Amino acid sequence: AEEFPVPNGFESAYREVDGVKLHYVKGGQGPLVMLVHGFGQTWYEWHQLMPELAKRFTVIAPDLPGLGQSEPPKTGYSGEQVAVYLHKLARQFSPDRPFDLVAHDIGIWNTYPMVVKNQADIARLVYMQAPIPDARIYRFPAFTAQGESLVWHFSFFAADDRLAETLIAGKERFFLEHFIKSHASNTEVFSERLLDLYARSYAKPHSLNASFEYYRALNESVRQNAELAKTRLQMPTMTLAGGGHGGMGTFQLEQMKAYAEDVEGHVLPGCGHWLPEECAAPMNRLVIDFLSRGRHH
């Protein structure tokens, strides 16, 4: 069985990486593009982009360790540890050529270390809708004059005593709908059925815990990145962010300018955090066009 429907022409499969069984969905031909999802979701957030991108590229969308159908990591959940798994998975499929990388939300956290440490392996980079873990995250507010803030969940999820797992167990669908809609501009794109599919996946006990372990490792990832960021990124990079409620706005590009010498950015009006779903067509267009300046099938 599959947690999410696989697009025609794609395969659902598994590979062992450093003793951890990773799930992914793969299709297409040409140079490799790896698509890395974020919190609350799985590979399936890319299912509308994948068929279009597979016309010119080999496309792989893994589930992050412990999420979707992937085994939890055996090392840890810090950015540097998780990036090893994703780098080695990509290199199993693209050993002889650099590959492209697209990442959303904590997919950024879990890939930035292997990008900066293996720059010759990365052809082009697309990051959307999350800070790279660094000191800037300590400036986001706990509360706003309009109500709940964007990233108070960092503290909720990082709290000890299994606070988040204990409160959310039995209420996983309720919580995830609130979380998604509170970070969305266009809530209409999330059908009740789509919310059911995402809620059933992260409600698996090891996946609910895995979700929050990424946040329990966030300060460690900040400390790791403080050393890694002494090396700037040299490959062509694009950032995307939502301009509406839930969006990072200009923050995404402005932070990335500190990391990348060659970066362009776009802010998408009418879109919040969930760009592949809230703004599928323009997001897909900008990604496809950016990656297609660098040769493909």
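Here, rigid core means the biggest group of C-alpha atoms that superpose within 1.5 Å across both forms. We number the residues from 1 along the sequence you see.
Where the structures in 4 other deposited structures of this protein are fitted on the rigid core, 141-149 is the one of 141-149 and 75-83 whose C-alphas sit farther from the shown form on average. Averaged over CA atoms, B-factors in the entry run higher in 50-58 than in the other of 50-58 and 66-74. For the two regions 272-280 and 5-13, the entry's Cα B-factors average higher over 5-13. The entry lists C-alpha B-factors for 238, 35, 258, 241, and the highest of these is at 258.
Per the deposited record, 227 carries the highest C-alpha B-factor of all listed residues (105, 100, 227, 172). Ranked by C-alpha B-factor against the other modelled residues of its chain, residue 84 falls in the lowest third. Looking at the C-alpha B-factors along this chain, the one for residue 135 belongs to the middle third. Split the chain's modelled residues into thirds by C-alpha temperature factor. Residue 31 is in the highest one. Residue 110: CA B factor lies in the lowest third for its chain, per the PDB record.
Placement of the Cα temperature factor of residue 246 within the chain: highest third of the modelled residues, per the deposited record.
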